[PDB]
Structure formats: C-alpha cells, structure tokens
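These numbers come from the heavy atoms of this one structure, side chains and all, not from hydrogens, waters or symmetry mates. Order of the sequence lines sets the chain letters (A, B, ...), proteins ahead of strands, with each chain counted from 1.
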Amino acid sequence: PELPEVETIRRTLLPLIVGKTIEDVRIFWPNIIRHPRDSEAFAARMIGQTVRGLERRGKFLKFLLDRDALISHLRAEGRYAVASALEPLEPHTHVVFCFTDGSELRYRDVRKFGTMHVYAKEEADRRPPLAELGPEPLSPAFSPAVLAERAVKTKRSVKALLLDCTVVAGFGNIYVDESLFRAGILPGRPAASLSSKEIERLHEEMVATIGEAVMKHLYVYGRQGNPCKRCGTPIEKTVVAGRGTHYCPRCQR
DNA sequence: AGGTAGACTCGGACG
DNA sequence: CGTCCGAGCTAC
Ligand SMILES: [Zn+2]
C-alpha cells in the first residue's frame with residue numbers, strides 16, 4: 001500500500017483495536033521482527049499492554065501502546081486484519097497479536113517483506129526506522145523552500161530526490177512519476193537543474209497528487225506504450241534511480 | 001566528512 | 001529454472 005492507503009488503514013484499523021489488551025504475541029516468521037532483535041523479547045514485552053492509538057508517518061504505521069510503540073512497514077503487500085482467535089488464519093500470516101477479548105490483530109504478507117520495530121514510545125522517533133524521516137508531504141513542513149534546498153545540494157536525479165525518505169516521507173514510486181508528469185518535468189533531470197519555477201510547480205503537483213489520493217486516474221504510471229492522456233504521444237518507460245520510470249517525452253522536459 | 005551506490009530482504013510473475 | 005522487481009545497513 002502507498003501513503004494514501006496507509007492513511008486509510010490507520011483510520012479504519014484504530015477503532016477495531018483501541019482499548020484492547022495484548023495477551024499473547026505469536027510469531028511465525030521471526031525475520032519480520034527487527035527490534036528487539038530477538039523475536040521472543042519482542043513478543044514478551046508487548047504482552048499486557050493496551051492499544052491506545054494509531055498514527056502514521058510516511059508509510060509507517062505507529063501503534064501506540066501503554067509503554068511501547070510498534071512501528072510497522074507493510075511494503076507492497078503487507079496487510080492487517082482483525083478477526084476471531086477461533087477461526088483459521090489466512091495464508092501467509094506471520095505475526096499475530098492476541099487480545100484478551102478473543103480477537104486478534106493479524107499481519108499477513110505473501111512477500112514476507114515488511115518490518116516491525118518496538119521501542120519505548122519516547123524513543124521511537126529517534127530510532128530506526130522513523131529516525132531521519134522527512135516531513136509529511138501534506139504538511140507545511142514540506143515546502144518549496146525545503147525541496148529547493150535539498151535539490152541544489154545533490155547530484156542525483158529529481159526522481160531519486162523524491163524517492164528519498166529523508167527528503168519527504170513515504171512518497172512512493174507511482175506518485176513520483178505522476179507528480180513529475182503533472183509538473184512537466186522529466187524524471188531523469190538532475191535535481192539541481194530545476195529552476196525556482198519548476199521546484200514551485202513540482203511541490204504544487206506533489207501535494208495535489210497525493211492530496212487528491214488521500215481524500216479519495218493515472219497519466220503515466222504503468223501506461224508505457226499507451227497514448228499520453230494530454231497529448232497522445234506514447235508513454236515511455238525506462239530505468240531511473242533504479243526504478244521502473246514512466247513519462248511522456250513531449251509533456252515533460 | 002558525509003553523500004552516495006550497492007547489498008540485502010522475498011516470492012509471484014515472466015522469459 | 002534463472003531473472004526481475006522494489007522500500008528503506010554497509011562501505012566506497
Ligand atoms: Zn504528453
């Protein structure tokens with residue numbers, strides 16, 4: 001899931017778990033657990049804590065308990081569900097939080113690619129994976145000025161810059177390509193090559209693109225070989241910043 | 001110094 | 001049957 005979907009998960013999951021108390025934590029793929037390094041310590045420490053809140057930073061979910069925060073990243077295919085301990089688990093369920101009311105918060109991930117870290121709440125923001133995370137794209141903290149300052153100081157492409165979690169939080173591949181198309185900027189452009197006008201336009205399209213998605217369709221992403229919706233030129237796909245990258249070679253320069 | 005590329009994690013889809 | 005893919009500690 002991308003940022004807007006993670007926000008939807010945050011909003012919908014919270015009422016399904018708030019106020020529940022963890023009675024057991026079962027782990028079927030210990031590698032998902034990144035901190036504490038020992039999955040048995042991870043399980044032991046959460047037992048007895050009650051869920052108090054659920055926040056989002058970038059694409060990270062931050063479960064707030066009594067003493068600890070659980071920081072979870074789902075990557076592309078991770079998913080949470082709340083269900084009865086009496087019913088068989090869905091396939092690819094790797095971690096289950098069992099509540100005293102007989103319900104469970106289950107984490108599934110066919111790719112086994114997501115991560116979990118638990119720290120005392122007051123430490124979470126200054127430890128991985130939240131440490132050094134950039135500002136929320138929809139916050140005043142993410143400004144043209146902030147974007148301009150990062151862009152001038154790097155030799156990287158503008159696409160690489162936008163994918164950098166320290167620059168802006170959780171702005172995914174799809175939204176990078178869409179925003180660059182909407183701003184009329186080629187993804188392979190050196191970030192430092194962007195004018196003030198272009199940085200302003202890019203910031204504006206980033207906010208509009210992800211903001212529109214958060215409230216509730218694609219110009220380029222996955223549309224290679226099909227006509228641009230604005231000019232009819234075939235959309236092209238190449239590798240930029242180590243990712244599949246889609247663009248219109250007429251609309252973007 | 002620290003910015004930056006590479007290694008790493010996985011299994012479904014693809015040739 | 002190998003190769004590809006991609007979000008977010010190690011080593012030049
Ligand atoms: Zn076009």
Taking side chain as C-beta onward, heavy atoms only, is A:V167 less than 4.5 Å from A:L161? yes
Would you kindly compare A:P128 and A:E77 by the position of their nearest DNA chain C nucleotide and give the one closer to the 5′ end? A:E77
In whole angstroms, how far is the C1' atom of C:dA7 from the CG atom of A:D109? 12 Å
How long is the line joining CG of A:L3 and P of C:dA7, in whole Å? 13 Å
Pick the closest DNA chain B nucleotide for A:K155 and for A:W29 by heavy atoms, then say which residue is nearer the 5' end. A:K155
Is the closest basic N to carboxylate O distance between A:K59 and A:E2 below 4.0 Å? yes
Tell me which nucleotide among C:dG8, B:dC10, B:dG12 gets nearest to the side chain of A:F60. C:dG8
Quick one: is C:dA7 close enough that its OP1 or OP2 comes under 4.0 Å of any side-chain N or O from A:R243? yes
When you measure from the side-chain N and O atoms of A:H73 to the phosphate of C:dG8, is any distance below 4.0 Å, counting only OP1 and OP2? yes
Let me know the distance between CG of A:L130 and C1' of C:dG8, rounded to the nearest Å. 12 Å
Tell me whether the bases of B:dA13 and B:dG12 count as stacked, where stacked means ring centres under 5.5 Å and an interplanar angle below 30 degrees. yes
Sub-4.5 Å side-chain heavy-atom contact between A:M206 and A:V168: yes
A:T154 side chain N/O closer than 4.0 Å to the phosphate oxygens (OP1, OP2) of B:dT4? yes
Let me see the working for A:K20 and A:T100 under side chain to side chain donor-acceptor pair (under 3.5 Å), right down to the final yes or no. CA-CA 7 Å; A:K20 298 190 179 172; A:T100 57; over 6 Å; no
Distance between the P atoms of C:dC1 and B:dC10, in whole angstroms? 22 Å
Quickly work out the A:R111 CZ to C:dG6 P distance and round it to whole Å. 13 Å
Rounded to whole Å, how long is the line connecting atom CG of A:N173 with atom P of C:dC5? 12 Å
Hey, what's the ring geometry for A:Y219 with A:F181, parallel, tilted or perpendicular (30° and 60° as the breaks)? parallel
Please classify the nucleic acid contact of A:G172 as base, sugar-phosphate, or nothing, using heavy-atom distances under 4.0 Å. nothing
